[PDB]
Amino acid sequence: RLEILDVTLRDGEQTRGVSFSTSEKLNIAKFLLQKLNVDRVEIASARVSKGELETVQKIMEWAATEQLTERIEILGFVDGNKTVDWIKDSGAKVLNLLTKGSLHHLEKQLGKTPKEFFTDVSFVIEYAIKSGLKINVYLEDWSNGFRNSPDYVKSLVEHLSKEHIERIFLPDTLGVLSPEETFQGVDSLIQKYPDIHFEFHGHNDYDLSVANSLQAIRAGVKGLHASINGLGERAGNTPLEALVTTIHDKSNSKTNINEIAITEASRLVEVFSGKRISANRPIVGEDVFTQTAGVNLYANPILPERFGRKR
């Protein structure tokens, strides 16, 4: 009853020193969709470069072969026709539009009016639909936007509700929210728009992302974003492995993820990305199942074979 969007290949790629080859991205994409069973994957950003375009084409060639094309998503921008054209040629059929979720960002980067910007947005969604694509919209910096420019944010959502988009994404872009705050901002929107599919997208700057994610689930979110090993730009995104385990054991909601493929997904991403995880990394670290001082008295609901390890 909860969709899971993995942004490991995109948001996770932005990380310093990390860059996946076409072979690695295809390998990871196949695993997450077929083995780990994550609902969808965000494999790239449009207009990044050629090669990245080729990469998306191969994955779409494959994804088509497997009736999964609708499960791949591309991060795009409000640039008129450039993003949609790029995604059009890539082979991908889904665009996750990046819009300004804070009045502060809109003015300091674009220097536009909520009216002007909404027109630019409507064009892109308009042109995207016209081009056979589906659209999800990111309210970038929403975490700061609903706390400082709550009006701009309400009109932006008000505008997107009159548009034909699949989902609206509420990201803690700078990862500055506490769980109480995440609940407020999300509850605020879900209660005004009970018919829109919202998904929370947290970042782990204060090591609160999965806790925040839980509160978002309380507020009424229908999906969550996460990356393997919490790969991402700063402290990374919400760590997929701990989020799912936490959703399964500490919430009445469910997920379609196969807990058993969790250890391999991690090893895969760790090797290919080249970013080592600590031995104590929750659920997925090397020594996380080892209790040397504990002298089934100290049995934890977190067992090695539950995640495809030690058996």
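Start at 1 with the first residue shown and count on from there.
Trainee: Could you check which stretch, 186-194 or 91-99, carries the larger mean CA temperature factor in the entry?
Mentor: Higher mean C-alpha B-factor in the PDB entry: 186-194.
Trainee: On mean Cα temperature factor in this entry, is 272-280 or 43-51 the higher one?
Mentor: Taking the mean C-alpha B-factor of 272-280 and of 43-51, the larger value falls to 43-51.
Trainee: Highest Cα temperature factor in the entry, among the options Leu231, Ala216, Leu208, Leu106: which one is it?
Mentor: So the option with the highest C-alpha B-factor is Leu106.
Trainee: If I read the C-alpha B-factors straight from the PDB entry, which of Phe169, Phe117, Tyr127, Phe77 is highest?
Mentor: When the deposited C-alpha B-factors of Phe169, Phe117, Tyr127, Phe77 are compared, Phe117 is largest.
Trainee: By its CA B factor, does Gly132 count among the lowest, middle or highest third of the modelled residues in the chain?
Mentor: Ranked within chain, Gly132 CA B lands in the middle tercile.
Trainee: Looking at the entry's B-factor column for C-alpha atoms only, identify whether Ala63 ranks in the lowest, middle or highest third of its chain.
Mentor: Highest third, going by the recorded CA B-factors of the chain.
Trainee: Split the chain's modelled residues into thirds by Cα B-factor; is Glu180 in the lowest, middle or highest one?
Mentor: Ranked within chain, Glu180 CA B lands in the middle tercile.
Trainee: Quick check for you: using the entry's CA B-factors within this chain, is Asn256 in the lowest, middle or highest third?
Mentor: Middle third, going by the recorded CA B-factors of the chain.
Trainee: Should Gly236 be placed in the lowest, middle or highest third of its chain by the C-alpha B factor in the entry?
Mentor: Within its chain, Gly236 is a lowest-third residue by C-alpha B-factor, going by the deposited values.
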